[PDB]
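Some notes on the structure that comes next.
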Amino acid sequence: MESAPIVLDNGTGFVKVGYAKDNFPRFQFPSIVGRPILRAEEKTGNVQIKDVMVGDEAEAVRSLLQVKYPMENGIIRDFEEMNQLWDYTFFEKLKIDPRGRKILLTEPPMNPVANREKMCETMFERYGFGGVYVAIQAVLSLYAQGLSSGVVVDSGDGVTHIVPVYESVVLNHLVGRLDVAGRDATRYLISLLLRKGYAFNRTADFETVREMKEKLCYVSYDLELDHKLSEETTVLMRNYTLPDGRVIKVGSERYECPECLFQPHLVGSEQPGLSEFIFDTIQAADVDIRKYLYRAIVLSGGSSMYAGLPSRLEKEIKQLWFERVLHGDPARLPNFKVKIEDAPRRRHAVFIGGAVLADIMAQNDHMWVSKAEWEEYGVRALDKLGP
Amino acid sequence: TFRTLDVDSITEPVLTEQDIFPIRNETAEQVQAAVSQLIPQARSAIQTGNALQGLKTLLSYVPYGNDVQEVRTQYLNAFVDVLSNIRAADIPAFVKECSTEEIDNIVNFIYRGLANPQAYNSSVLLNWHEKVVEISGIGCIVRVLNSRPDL
Amino acid sequence: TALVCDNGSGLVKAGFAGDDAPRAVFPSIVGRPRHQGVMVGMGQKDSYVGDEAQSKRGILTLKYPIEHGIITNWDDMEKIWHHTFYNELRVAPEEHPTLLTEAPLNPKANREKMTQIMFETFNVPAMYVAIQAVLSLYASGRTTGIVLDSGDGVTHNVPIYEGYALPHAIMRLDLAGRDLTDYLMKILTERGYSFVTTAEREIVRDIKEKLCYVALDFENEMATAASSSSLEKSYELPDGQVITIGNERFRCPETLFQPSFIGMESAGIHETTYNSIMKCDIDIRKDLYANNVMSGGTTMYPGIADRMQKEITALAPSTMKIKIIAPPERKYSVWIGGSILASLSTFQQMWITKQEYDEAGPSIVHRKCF
Amino acid sequence: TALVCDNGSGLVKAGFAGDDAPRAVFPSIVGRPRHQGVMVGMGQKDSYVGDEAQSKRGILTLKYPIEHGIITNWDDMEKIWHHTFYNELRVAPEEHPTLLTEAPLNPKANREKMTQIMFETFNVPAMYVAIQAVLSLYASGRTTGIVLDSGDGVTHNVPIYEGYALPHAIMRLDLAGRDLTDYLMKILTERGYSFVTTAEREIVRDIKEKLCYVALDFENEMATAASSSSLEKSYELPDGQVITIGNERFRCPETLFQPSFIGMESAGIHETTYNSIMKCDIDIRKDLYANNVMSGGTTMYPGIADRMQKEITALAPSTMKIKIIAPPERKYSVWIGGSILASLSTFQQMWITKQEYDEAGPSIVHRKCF
Ligand SMILES: Nc1ncnc2c1ncn2[C@@H]1O[C@H](COP(=O)(O)OP(=O)(O)OP(=O)(O)O)[C@@H](O)[C@H]1O
Ligand SMILES: Nc1ncnc2c1ncn2[C@@H]1O[C@H](COP(=O)(O)OP(=O)(O)O)[C@@H](O)[C@H]1O
Ligand SMILES: Nc1ncnc2c1ncn2[C@@H]1O[C@H](COP(=O)(O)OP(=O)(O)O)[C@@H](O)[C@H]1O
Ligand SMILES: [Mg+2]
Ligand SMILES: [Mg+2]
Ligand SMILES: [Mg+2]
């Protein structure tokens with residue numbers, strides 16, 4: 001294929017993988033590992049299950065598997081299962097020998113140091129990569145825009161994180177985590193459907209409500225209007241057929257599920273939701289740069305894909321500036337400019353930006369942490385990878 | 001809390017009805033005089049027993065506008081009074097000789113009549129509705145759905 | 001051709017002799033990046049200068065390399081000099097004789113090092129380095145008068161009679177637009193507006209340049225502000241927020257007339273003009289009350305000339321006529337006077353130059369630059 | 001008895017004049033329930049304050065009605081004052097005159113609304129609103145000193161000599177224990193610990209009070225922490241879960257000397273104190289170096305006085321005798337100083353009475369109070 005640097009978005013819900021200059025993931029698959037189970041469920045001779053089965057091999061066959069996730073909240077929870085994802089990623093998805101290759105990895109901005117350390121150790125000491133770079137996921141989503149300033153908010157399966165950038169300087173003191181994302185919204189959909197008498201407690205059923213959420217949920221633009229369509233009308237009602245063949249009815253849960261991003265208290269969090277987390281972040285930036293951050297609020301990651309989320313977010317920031325800056329005086333509201341950037345490709349902006357950055361540093365061999373540098377400095381070799 | 005503050009009403013002004021429907025090219029006192037010339041003809045045609053010619057003359061002009069409810073309701077009083085005085089056997093012969101624009105005006109003003117039963121006799125307006133829709137078809141109601149809101 | 005600049009304490013202005021205005025004018029600033037984290041595939045400078053630093057400022061620490069008219073960061077002055085020559089005027093300095101400036105009563109080493117680096121680092125054939133007030137008597141058709149200058153970092157009074165300077169009567173005051181910006185930064189905290197960052201100094205300097213004035217009668221203006229909102233005005237911050245300003249818009253400039261507002265135990269702006277006239281000789285003083293010119297950007301306030309008029313009229317004997325002179329080119333008149341001096345028909349022999357500097361060193365400058 | 005109430009930005013301190021400690025000391029917090037699910041008639045209410053807000057905190061959202069020394073919520077600050085009077089001190093405030101405290105360089109509207117609520121809602125006989133740092137001087141038995149006060153929301157330097165304050169030389173920094181607790185909640189994420197609720201903020205404040213310290217030399221403590229677990233300590237969470245903390249113990253307080261750790265463009269407290277004494281006149285600069293009074297709970301760290309001494313002696317000239325005055329009661333020194341001041345004979349004529357408030361309105365506080 002090519003001698004290029006490999007780029008790997010080892011995300012909490014999905015792995016995405018490919019090479020420098022790729023305009024889209026070469027492969028993308030669930031970051032899941034499966035073990036064989038029997039469960040008072042259908043069985044046939046038309047398949048065979050190995051003692052470890054992962055990614056697409058697990059997701060297509062998950063009725064037969066104990067499904068587990070090697071990651072949660074942007075951190076590796078189990079490196080023994082993460083080793084099985086990385087084996088699968090290199091040896092039977094890419095079908096590559098890692099020996100002496102250079103690889104670009106990704107993580108969110110406020111992880112434990114042990115996550116990056118043991119992840120780089122694994123690249124040098126299981127796979128024998130010749131060099132590694134680890135990039136902050138949301139600065140890659142800005143490389144995908146071809147853009148040097150704006151506040152970039154990335155919401156995936158594990159974490160929602162925000163990174164203000166101005167004139168290519170990253171405002172590291174302003175970066176933050178909202179510990180609500182696509183998995184919390186999926187756990188909330190299970191909780192809301194449980195009030196309707198449905199049950200989804202099997203490890204294989206989490207991917208079923210993920211696909212249901214991803215098909216049927218949307219962000220209410222106006223809560224009292226969606227509550228009116230919900231309580232006065234049947235128009236929000238929708239049928240979903242599970243891979244069982246069972247049919248379930250879903251109504252208010254379609255707007256009530258993703259509302260936990262804009263109202264985290266619905267999932268028990270005390271943090272402010274997306275609009276107020278983004279506003280408190282921009283409003284903490286210096287006076288001379290606030291306008292440039294409001295004129296480029298860059299959305300990223302799969303949990304930014306709910307229908308109406310850009311519309312609600314733009315409105316709710318105008319509405320929050322009107323409360324907290326103008327104190328309810330209409331006369332200056334038309335002068336406040338905000339622009340949500342909401343590209344079609346934005347679920348993959350971290351990969352697409354990693355494929356840009358990995359090309360920009362492909363020839364600059366000193367930019368990567370080397371295997372020869374790792375084996376003499378250990379974890380102190382990673383002090384190259386920013387502050 | 002911020003969620004309830006209407007920003008859209010001031011940051012993105014929506015289309016008005018006069019952006020969809022063209023402005024009336026006549027002043028309020030100019031249309032009020034034009035109707036005040038017609039109502040006496042419409043009343044007089046009842047006394048001579050020519051209520052069919054009473055409608056044909058009254059229907060030659062129609063008032064519209066949110067600034068003219070008093071003369072619109074006076075025109076509707078005359079319209080329902082004229083329709084109440086035409087014999088039910090004359091309706092089929094009269095409807096087939098109306099233009100598409102006269103029919104559109106009849107089915108519009110029987111609709112304004114049906115909206116206010118404490119003022120207007122619905123029984124004659126429903127009899128007119130049956131015969132106008134039977135002879136001229138469904139499209140005359142479709143033209144009322146699509147019609148101007150200040151008729 | 002000859003190249004002239006006011007190497008200003010807050011605003012560099014530069015051009016060629018015989019032009020009617022400076023072609024370059026920019027903040028006397030070097031900026032450096034304030035945060036360690038960057039998009040590693042993108043280029044940043046190590047440091048920035050002038051309008052580029054001023055527009056980049058949201059991510060920069062801004063340093064003025066001059067404070068109170070004294071070069072304080074020589075390593076940064078070499079950058080603002082290099083910026084005047086190679087970015088703004090786009091010259092070859094090795095071909096052009098140069099005119100620089102400084103305030104009176106300055107450190108002797110300031111005149112030396114700005115002589116030294118112009119020859120040893122910018123290779124110039126020649127230079128001169130004049131008193132800013134002595135230049136500012138030119139650009140008015142004049143040989144007698146008292147000149148009051150207030151730049152960014154220095155205020156000074158210089159009496160001249162018939163082309164002779166009187167250094168017994170010359171005096172310098174360590175108040176100008178820098179201290180007035182600091183005091184505005186302080187007294188806006190009283191409204192609850194917080195300005196702290198080196199970048200926020202600049203938006204406070206812009207408020208000071210746009211909103212402020214000198215009150216003719218401060219106690220009555222202060223009572224006018226206390227009784228009425230009718231003298232309050234608004235400023236728009238670079239994020240789009242609106243700031244209302246009232247009595248603080250005249251309390252700031254009045255610090256020239258009352259230095260005690262910044263805790264300075266020193267005579268006011270009118271008192272230093274009167275004390276320097278009163279320190280002149282007994283006959284040559286007799287038209288200085290009638291021949292007093294204002295220069296430098298801190299003298300641009302509305303009302304300052306009409307205040308100066310009534311204050312020196314209250315101090316001086318009423319037996320003779322009292323005026324003030326305040327050109328609309330006030331903030332350039334130092335440079336206009338340099339443009340005139342560097343094009344004057346007797347001046348082409350006057351420069352310090354390599355043929356003498358190569359053996360005398362920078363110790364040559366005190367021998368003919370005053 | 002007069003009352004003395006220290007309006008602490010994180011910790012209210014209240015008592016009677018002539019007593020030698022606060023009678024009550026408690027969090028400046030109002031807490032509201034974050035759940036609508038309830039028990040009927042069960043002693044259950046719309047808000048909790050002080051020690052009820054701390055003891056119930058897991059089910060509350062906690063907010064301080066003061067941020068950076070400024071009252072941001074007046075409806076909840078009146079609940080805190082109501083609680084000081086009717087629940088903690090157990091007095092009717094209309095019987096007792098009250099000394100209040102304020103930070104320097106606050107919004108004037110803060111001190112106006114603070115006198116207005118005290119007369120218009122608490123009906124007090126008389127009141128006064130002293131700057132905190134002069135009270136901390138009077139608590140220490142001296143009339144010369146430079147007072148470094150550091151509370152929850154503000155840290156400030158006031159130079160004072162022979163009982164005269166030098167208001168042009170005052171420094172204020174919007175960095176204290178709130179910002180250190182924020183930065184500790186931030187850097188504990190690197191150990192893998194997530195603290196994000198307003199209740200977990202109070203757990204991390206307790207980690208900070210129990211285990212954090214000022215490094216005598218920071219880069220040597222960093223090299224020590226990289227070499228050994230001898231620097232590491234363990235903390236018992238309210239869960240019974242055990243937390244381990246290492247270089248975060250001294251990286252947290254290092255922010256007070258290096259504000260750029262939180263992206264803030266400022267001098268650290270050494271440089272702020274140095275620039276404050278260096279802004280005073282040269283005869284007073286001889287003496288305040290021997291009288292650096294430390295005050296408030298953010299000056300309470302282990303190792304802070306020795307490192308404040310080793311830093312300030314590197315900035316000052318080598319001939320100077322430097323002393324850091326850091327009493328074990330320094331947490332309460334502004335209150336102890338208010339207890340002294342409200343007990344003085346000559347102070348009783350300089351209260352603001354309810355009569356002169358009715359005659360002048362809330363703007364009287366600017367002519368009565370420094
Ligand atoms: N159209 C959609 N509507 C709603 N949710 C969506 C949509 N598309 C994707 N998602 C959700 O986004 C999540 C996956 O997004 P993404 O790949 O960006 O996460 P990740 O990168 O693996 O996670 P993280 O960045 O936190 O480590 C899943 O919860 C998925 O169901
Ligand atoms: N319109 C104005 N009104 C008041 N101050 C002004 C005005 N325009 C500029 N300034 C002040 O001018 C000062 C600079 O004066 P300037 O002559 O340029 O000094 P310098 O050349 O020596 O650096 C600045 O501090 C600025 O605040
Ligand atoms: N021993 C200590 N070591 C470090 N910090 C302390 C200590 N004791 C209290 N603090 C800090 O003191 C701050 C409160 O100080 P205080 O003087 O009462 O402030 P304030 O008056 O403004 O409310 C809190 O942020 C707390 O974390
Ligand atoms: Mg992701
Ligand atoms: Mg100048
Ligand atoms: Mg305090």
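One-based numbering, in listed order, for ligands and for the atoms of each. Throughout, protein chains are lettered first and strands after them, A, B, ... in sequence-line order, and every chain is numbered starting at 1.
- Residues D:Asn7 and D:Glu102 bring no donor and acceptor atom of their side chains to less than 3.5 Å of each other.
- Annotation: cation-pi pair A:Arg347/A:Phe14 present, NZ/CZ under 6.0 Å from the ring centroid and within 45° of its normal.
- A distance limit of 4.0 angstrom between heavy atoms and ligand 2 selects the residues C:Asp6, C:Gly8, C:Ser9, C:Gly10, C:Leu11, C:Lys13, C:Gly151, C:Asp152, C:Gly177, C:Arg205, C:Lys208, C:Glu209, C:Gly296, C:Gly297, C:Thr298, C:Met300, C:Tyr301, C:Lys331.
- The shortest contact between atom 30 (C) of ligand 1 and any protein heavy atom is with A:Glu214 OE1, 3.3 Å.
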Exercise. How far apart are the C-alpha atoms of A:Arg210 and A:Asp157, what are their side-chain angles, what is the distance that settles it, and do they pass the salt bridge (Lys or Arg N to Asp or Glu O under 4.0 Å) test?
Worked result: CA-CA 10 Å; A:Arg210 187 191 56 61; A:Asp157 200 55; over 6 Å; no

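- A:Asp157 N, 2.9 Å is the protein heavy atom nearest to atom 23 (O) of ligand 1.
- Between the side chains of D:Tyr235 and D:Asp206, at least one donor N or O sits under 3.5 Å from an acceptor N or O.
- For ligand 1, the atoms closer than 4.0 angstrom to any heavy atom of A:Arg210 are 31 (O).
- Ring centroid separation for the pair A:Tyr218 and A:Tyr306 does not come in under the 6.0 Å cut-off.
- Residues that satisfy the ring pair (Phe, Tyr, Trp, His ring centres under 6.0 Å) test with A:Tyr240, not counting sequence neighbours, are absent from this structure.
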Problem set entry | Evaluation steps, ring-ring contact (aromatic ring centres under 6.0 Å, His included), between D:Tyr301 and D:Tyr213 | CA-CA 5 Å; D:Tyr301 286 105; D:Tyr213 73 102; 9.2 Å; no

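- Residue contacts with ligand 1: A:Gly301 is placed with no nitrogen or oxygen under 3.5 Å of a nitrogen or oxygen of the ligand (distance criterion only).
- Close N/O approach between A:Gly13 and ligand 1 is found [any backbone or side-chain N/O within under 3.5 Å].
- Remark: ligand 1 atoms within the under-4.0 Å shell around heavy atoms of A:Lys213 are 5 (N), 11 (C), 28 (C), 29 (O), 30 (C), 31 (O).
- Of the protein's non-hydrogen atoms, the one nearest atom 2 (C) of ligand 1 is A:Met305 CB, 3.5 Å.
- Taking every non-hydrogen atom of A:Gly182 and a distance limit under 4.0 Å, the qualifying atoms of ligand 1 come out as 29 (O).
- For the residue pair D:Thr181 / D:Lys208, no side-chain donor-acceptor distance below 3.5 Å is found, with atom types taken as modelled.
- Contact between A:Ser303 and ligand 1 is present, with at least one heavy atom of the residue lying under 4.0 Å from the ligand.
- Counting only N and O atoms by type, the side chains of D:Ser333 and D:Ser295 include a donor and acceptor under 3.5 Å apart.
- The existence of a salt bridge linking D:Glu209 and D:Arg205 is confirmed by a sub-4.0 Å separation between a basic side-chain nitrogen and an acidic carboxylate oxygen.
- Residues A:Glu72 and A:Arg187 are paired through a salt bridge, judged by an N-O separation under 4.0 Å between the basic side chain and the carboxylate.
- Salt-bridge check for C:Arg172 with C:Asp174: failed, with every basic side-chain N at 4.0 Å or more from each acidic carboxylate O.
- Near A:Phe14, with a cut-off below 4.0 Å to any heavy atom, the atoms of ligand 1 are 14 (C), 22 (O).
- Using modelled atom types, one finds a donor on one side chain and an acceptor on the other under 3.5 Å when comparing A:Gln137 with A:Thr106.
- Heavy-atom contacts of A:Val159 reach the following atoms of ligand 1: 26 (O) (cutoff under 4.0 Å).
- Looking at A:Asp154 next to ligand 1, no N or O pair under 3.5 Å apart turns up.
- Given atom 8 (N) of ligand 1, the protein heavy atom at minimum distance is A:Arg347 NH1, 3.2 Å.
- The residue among A:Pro30, A:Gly302, A:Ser304 with a heavy atom at the shortest distance from atom 16 (P) of ligand 1 is A:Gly302.
- Look at A:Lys213 and A:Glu253 and you find no salt bridge, because none of the NZ, NE, NH1 or NH2 atoms lies under 4.0 Å from a carboxylate O.
- With respect to atom 26 (O) of ligand 1, the closest heavy atom belonging to the protein is A:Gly158 N, 2.9 Å.
- Neither the backbone nor the side chain of A:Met71 comes within contact range of ligand 1; no heavy atom lies under 4.0 Å.
- Taking a 4.0 Å cut-off on heavy atoms, A:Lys16 registers as neighbouring ligand 1.
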